[PDB]
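Trainee: no sequence for this one, just the structure:
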Ligand code: NA
Ligand code: NA
């Protein structure tokens with residue numbers, strides 16, 4: 001029975017104790033959908049942009065359900081939105097993802113979690129995440145799982161786009177997971193090793209990757225906006241990046257581990 005640590009590691013529970021659980025914060029899980037039938041997962045709304053997989057509350061991959069459980073473990077009162085842009089196989093067209101981002105914008109999502117990416121992006125995709133940040137949305141994305149490539153950034157899109165918050169993985173010891181992607185694009189780190197979350201069919205499992213880490217930051221964003229609803233995505237992002245626990249060189253750790261308790265008491 002996998003046991004969660006990552007929530008207490010970013011210091012979420014300190015906010016919970018003070019009554020900030022992400023209430024009235026719209027979090028778009030732009031992923032493989034969310035198994036809403038999971039009794040621990042409460043999904044406020046959704047939309048599927050996968051022509052052949054038309055139910056966004058049906059996660060045939062399992063990845064988005066894992067995302068939801070972590071976002072909701074960090075931010076339990078957060079209105080969670082199943083934006084299905086990824087098929088059963090966990091891949092989708094950019095047009096689909098863009099449609100998901102477009103939707104997230106259209107429906108006033110406070111936070112986009114895109115626990116997804118790849119080696120390249122597109123003008124259209126950059127346009128979409130930019131547009132979403134211009135509209136005041138906190139865009140969070142996994143930095144990637146490409147480890148290191150010498151001096152080369154291994155940070156994946158859309159996380160590689162300046163507008164997107166790029167989230168690397170540390171373990172319980174704040175040690176960079178060997179798989180966590182690296183580059184100047186790297187902003188923050190968050191629990192991303194053996195991360196216990198919800199899986200389809202009332203199941204749970206540890207998963208590792210910059211995706212779990214991202215889900216914490218998306219949750220952290222939600223916690224921060226539930227204390228500070230009038231904070232811009234800009235202020236949320238600076239509060240997360242500027243109060244982060246310094247952990248190592250920016251290329252491997254960005255600013256370090258997200259401390260949501262510190263981020264939530266930040267003075268701009
Ligand atoms: Na449910
Ligand atoms: Na970025």
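Mentor: Good, I have the coordinates. Residues are numbered from 1 along each chain as shown. Ligands and ions are numbered 1, 2, ... in the order given.

Trainee: For the stretch 101-250 of the chain, which segments are assigned as helices?
Mentor: 123-134, 210-227, 233-242, 250-253 (DSSP state H, counting those that start in this stretch).

Trainee: Just the residues contacting the third one, thanks.
Mentor: Contacts made with helix 233-242 from outside it, assessed by CB atoms under 8 Å, 6 or more residues apart in numbering, are listed as 133, 136-139, 165, 187-188, 217, 220-221, 224-225, 228, 231, 254-255, 258, 260, 263-264, 266, 268. For every residue, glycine as well, the C-beta is placed using N, CA and C.

Trainee: Flag every buried residue along the strand or helix carrying residue 44.
Mentor: Using DSSP states H and E, residue 44 falls within strand 43-48. Applying a neighbour-count criterion of 16 or more other CB atoms under 10 Å, the buried positions in strand 43-48 are 43, 45, 46, 47, 48.

Trainee: Return the distance of residue 145 relative to ligand 2.
Mentor: 16 Å (CB to the ion, to the nearest Å).

Trainee: Once you drop chain neighbours, what's closest to that residue?
Mentor: residue 179 (4.6 Å; CB to CB, 6 or more residues apart in numbering).

Trainee: The one you found - how many residues pack around it?
Mentor: Residues within reach of residue 179, counting by other CB atoms under 10 Å, total 18.

Trainee: my guess is it meets residue 168, correct?
Mentor: No - with contact defined as CB atoms under 8 Å, residue 179 does not reach residue 168; the gap is 9.6 Å.

Trainee: what residues are shared contacts of these two?
Mentor: If you check residue 179 and residue 168 against CB under 8 Å, 6+ apart, the residues they both contact are residue 210.

Trainee: that older thread, just the buried ones among the contacts of helix 233-242, please.
Mentor: Applying 16+ other CB under 10 Å to the contacts of helix 233-242 flags 133, 137-139, 165, 187-188, 217, 220-221, 224-225, 228, 231, 254-255, 258, 260, 263-264, 266 as buried.

Trainee: Find the residue closest to the residue in the stretch 1-150 of the chain that ligand 2 sits nearest to in space, skipping its chain neighbours.
Mentor: Residue nearest to ligand 2 within the stretch 1-150 of the chain (CB to the ion): residue 141, separated by 7.3 Å. Spatially, and ignoring its direct neighbours in sequence, residue 141 is nearest to residue 159 (3.8 Å; CB to CB, 6+ apart).

Trainee: Verify the stated contact: the one you found with residue 146.
Mentor: No - at 10.9 Å, residue 159 does not count as touching residue 146 under the criterion of CB under 8 Å.

Trainee: out of those two, which sits in the more crowded spot?
Mentor: Neighbour totals were compared for residue 159 and residue 146, and residue 159 leads with 29 against 19 (other CB under 10 Å).

Trainee: Residue 54: neighbouring residues, count only.
Mentor: 10.

Trainee: scratch that, residue 117 is what I was asking about
Mentor: For residue 117, using other CB under 10 Å, the count is 27.

Trainee: any idea how far it is from residue 85?
Mentor: 12 Å (CB to CB, to the nearest Å).

Trainee: So residue 59 sits against residue 32, correct?
Mentor: Yes - counting by CB under 8 Å, residue 59 does reach residue 32; the two are 5.1 Å apart.
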